[PDB]
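Novice: The structure under discussion is supplied below as structure tokens; questions concerning it will follow.
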Amino acid sequence: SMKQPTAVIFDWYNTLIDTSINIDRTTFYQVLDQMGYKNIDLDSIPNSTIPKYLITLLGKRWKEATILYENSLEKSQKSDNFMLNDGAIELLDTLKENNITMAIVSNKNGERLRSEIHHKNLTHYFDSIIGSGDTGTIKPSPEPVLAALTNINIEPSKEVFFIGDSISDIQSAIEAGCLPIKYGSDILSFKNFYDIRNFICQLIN
């Protein structure tokens, strides 16, 4: 009764992309600024230590910081230097080799989203890339999901897997008639892309 997916939709930030490695300090300065902090100097802190350092600085306000941070990245005109999460390329490549159509649905600005995807040489994997400004609404509306599916010519169903980290991703998937898979930390959930790849390979074979 469980079938291989007819399409796989991915979110970008905090699903495919790890936003905690190569944090742009300028962006986090603005967040800390908005949050009232002064006079935080991150300039001498090694990039790899920045996240643990910020976690201890922010304490209870850490979750709020991550919200502001993602919000800022979505609207940015600046280029990212982020790395993909572990196993992401292996999964994309497995799906491509098996001829399973893929798309991205993100609340990042569509134009900058497409530029970042092309900067990482990943455009060829995706038959539709939908960001904010590409439709009349954003997630958790189903509209951006339905837009990707219109553009890849696949009907919405529970064989369309929407891999996403957020509640808005899950809700958009459900409202669109598609199957949410929660990535990260009633619904299929996986902590990494190696396990998701094994699961999909097991469904295919």
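Note on naming: chains are A, B, ... as they come in the structure tokens, residues start from 1 per chain, ligands start from 1 in the order shown.
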Please identify which residues in segment 14-169 of chain A DSSP calls strand (DSSP E or B) from the backbone, and express them as number ranges by chain.

Specialist: A: 17-18, 83-84, 101-109, 128-132, 160-164

Novice: Pull the closest atom pair for each residue of segment 87-164 of chain A that gets at most 9 Å from segment 186-203 of chain A, along with the distance in Å to one decimal, counting only C-alpha atoms, ordering rows by chain and then ascending residue number, as a tab-separated table.

Specialist:
residue	atom	partner	partner_atom	distance
A:87	CA	A:193	CA	4.9
A:88	CA	A:193	CA	5.7
A:89	CA	A:193	CA	9.0
A:90	CA	A:197	CA	7.8
A:91	CA	A:197	CA	5.4
A:92	CA	A:197	CA	8.8
A:94	CA	A:197	CA	7.5
A:95	CA	A:197	CA	8.5

Novice: Give the answer as one residue: which of A:56, A:13, A:153, A:126 has the shortest atom-to-atom distance to residue 108 of chain A, using only C-alpha atoms?

Specialist: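 Answer, going by the shortest atom-to-atom distance: A:13.
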
Novice: Quick one: everything within 9 Å of residue 134 of chain A, counting only C-alpha atoms, minus sequence neighbours fewer than 6 positions away in the same chain. Send it as number ranges by chain.

Specialist: A: 109-111, 144, 147

Novice: Would you please work out which residue, of A:2, A:9, A:68, A:83, is nearest to residue 180 of chain A when using only C-alpha atoms?

Specialist: A:9

Novice: Mind checking which residues fall within 12 Å of segment 47-55 of chain A, counting only C-alpha atoms, ignoring those fewer than 4 positions away in the same chain, and posting them as a list in words?

Specialist: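 The filter keeps residues 18, 19, 20, 21, 22, 23, 24, 25, 28, 29, 31, 32, 37, 40, 41, 42, 43, 59, 60, 61, 62, 63, 64, 65, 66, 81 and 82 of chain A.
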
Novice: Please produce a file of those selected residues containing N, CA and C atoms, as an mmCIF file, in the first residue's frame.

Specialist:
data_model
loop_
_atom_site.group_PDB
_atom_site.id
_atom_site.type_symbol
_atom_site.label_atom_id
_atom_site.label_comp_id
_atom_site.auth_asym_id
_atom_site.auth_seq_id
_atom_site.Cartn_x
_atom_site.Cartn_y
_atom_site.Cartn_z
ATOM 1 N N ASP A 18 22.005 23.600 4.976
ATOM 2 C CA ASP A 18 22.313 23.794 6.378
ATOM 3 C C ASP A 18 22.646 25.269 6.553
ATOM 4 N N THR A 19 21.790 26.024 7.241
ATOM 5 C CA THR A 19 22.027 27.479 7.374
ATOM 6 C C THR A 19 22.959 27.826 8.568
ATOM 7 N N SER A 20 23.466 26.821 9.250
ATOM 8 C CA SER A 20 24.338 27.025 10.405
ATOM 9 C C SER A 20 25.826 26.874 10.060
ATOM 10 N N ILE A 21 26.160 26.514 8.833
ATOM 11 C CA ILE A 21 27.567 26.358 8.475
ATOM 12 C C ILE A 21 27.881 27.461 7.469
ATOM 13 N N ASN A 22 28.868 28.292 7.813
ATOM 14 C CA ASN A 22 29.240 29.466 7.038
ATOM 15 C C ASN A 22 28.177 30.552 7.233
ATOM 16 N N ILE A 23 27.720 30.709 8.477
ATOM 17 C CA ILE A 23 26.814 31.803 8.845
ATOM 18 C C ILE A 23 27.432 33.135 8.403
ATOM 19 N N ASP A 24 26.642 33.990 7.743
ATOM 20 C CA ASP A 24 27.104 35.341 7.404
ATOM 21 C C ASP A 24 26.882 36.202 8.637
ATOM 22 N N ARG A 25 27.983 36.702 9.209
ATOM 23 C CA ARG A 25 27.930 37.482 10.436
ATOM 24 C C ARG A 25 27.073 38.722 10.267
ATOM 25 N N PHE A 28 23.603 37.878 10.913
ATOM 26 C CA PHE A 28 23.290 37.642 12.323
ATOM 27 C C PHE A 28 23.451 38.898 13.196
ATOM 28 N N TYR A 29 24.357 39.800 12.821
ATOM 29 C CA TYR A 29 24.440 41.106 13.476
ATOM 30 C C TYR A 29 23.098 41.834 13.389
ATOM 31 N N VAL A 31 20.134 40.501 13.017
ATOM 32 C CA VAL A 31 19.201 39.811 13.896
ATOM 33 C C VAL A 31 19.393 40.208 15.357
ATOM 34 N N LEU A 32 20.648 40.225 15.803
ATOM 35 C CA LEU A 32 20.970 40.554 17.186
ATOM 36 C C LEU A 32 20.620 41.999 17.455
ATOM 37 N N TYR A 37 20.327 43.422 21.111
ATOM 38 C CA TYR A 37 21.662 43.189 21.635
ATOM 39 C C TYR A 37 22.636 44.253 21.105
ATOM 40 N N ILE A 40 27.867 42.950 20.531
ATOM 41 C CA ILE A 40 28.327 41.572 20.301
ATOM 42 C C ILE A 40 29.392 41.565 19.215
ATOM 43 N N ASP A 41 30.556 41.019 19.517
ATOM 44 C CA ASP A 41 31.613 40.902 18.530
ATOM 45 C C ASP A 41 31.759 39.427 18.194
ATOM 46 N N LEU A 42 31.402 39.086 16.968
ATOM 47 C CA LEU A 42 31.525 37.737 16.436
ATOM 48 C C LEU A 42 32.713 37.655 15.489
ATOM 49 N N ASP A 43 33.391 38.776 15.255
ATOM 50 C CA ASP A 43 34.391 38.834 14.184
ATOM 51 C C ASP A 43 35.597 37.940 14.472
ATOM 52 N N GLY A 59 20.304 32.005 24.831
ATOM 53 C CA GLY A 59 19.569 31.244 25.844
ATOM 54 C C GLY A 59 18.144 31.010 25.376
ATOM 55 N N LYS A 60 17.171 31.384 26.208
ATOM 56 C CA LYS A 60 15.739 31.250 25.880
ATOM 57 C C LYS A 60 15.320 31.887 24.548
ATOM 58 N N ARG A 61 16.019 32.942 24.127
ATOM 59 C CA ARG A 61 15.706 33.670 22.893
ATOM 60 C C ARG A 61 16.292 33.039 21.603
ATOM 61 N N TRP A 62 16.829 31.814 21.695
ATOM 62 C CA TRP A 62 17.521 31.167 20.557
ATOM 63 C C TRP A 62 16.561 30.865 19.426
ATOM 64 N N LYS A 63 15.433 30.230 19.756
ATOM 65 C CA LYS A 63 14.394 29.929 18.784
ATOM 66 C C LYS A 63 13.924 31.190 18.053
ATOM 67 N N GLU A 64 13.674 32.272 18.790
ATOM 68 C CA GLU A 64 13.304 33.549 18.171
ATOM 69 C C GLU A 64 14.405 34.003 17.205
ATOM 70 N N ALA A 65 15.663 33.896 17.621
ATOM 71 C CA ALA A 65 16.786 34.234 16.755
ATOM 72 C C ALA A 65 16.732 33.426 15.461
ATOM 73 N N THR A 66 16.457 32.130 15.545
ATOM 74 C CA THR A 66 16.446 31.305 14.315
ATOM 75 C C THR A 66 15.286 31.677 13.357
ATOM 76 N N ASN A 81 26.725 31.388 1.194
ATOM 77 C CA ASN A 81 27.868 30.481 1.011
ATOM 78 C C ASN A 81 27.593 29.149 1.717
ATOM 79 N N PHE A 82 26.311 28.799 1.848
ATOM 80 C CA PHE A 82 25.904 27.644 2.659
ATOM 81 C C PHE A 82 26.228 26.348 1.966
#

Novice: I need the residues of segment 11-119 of chain A that end up classed as helix (DSSP H, G or I) by DSSP on the backbone, written out as number ranges by chain.

Specialist: A: 25-34, 50-75, 88-97, 110-119

Novice: Just checking: using only C-alpha atoms, which residue out of A:100, A:1, A:122, A:58 ends up closest to residue 154 of chain A?

Specialist: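 Among the listed residues, A:100 lies closest to residue 154 of chain A.
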
Novice: To one decimal place in Å, what is the distance between atom CA of residue 84 of chain A and atom CA of residue 44 of chain A?

Specialist: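 Computing the Euclidean distance for atom CA of residue 84 of chain A and atom CA of residue 44 of chain A yields 24.9 Å.
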
Novice: For atom CA of residue 99 of chain A and atom CA of residue 162 of chain A, quote the distance in Å rounded to one decimal.

Specialist: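 Those two atoms sit 16.9 Å apart.
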
Novice: Determine the nearest neighbour of residue 6 of chain A from the options A:101, A:133, A:174, A:146, counting only C-alpha atoms.

Specialist: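 When distances to residue 6 of chain A are compared using only C-alpha atoms, the smallest one comes from A:101.
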
Novice: Closest to residue 98 of chain A among A:164, A:46, A:5, A:140, using only C-alpha atoms?

Specialist: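 The answer is A:5, which sits nearest to residue 98 of chain A.
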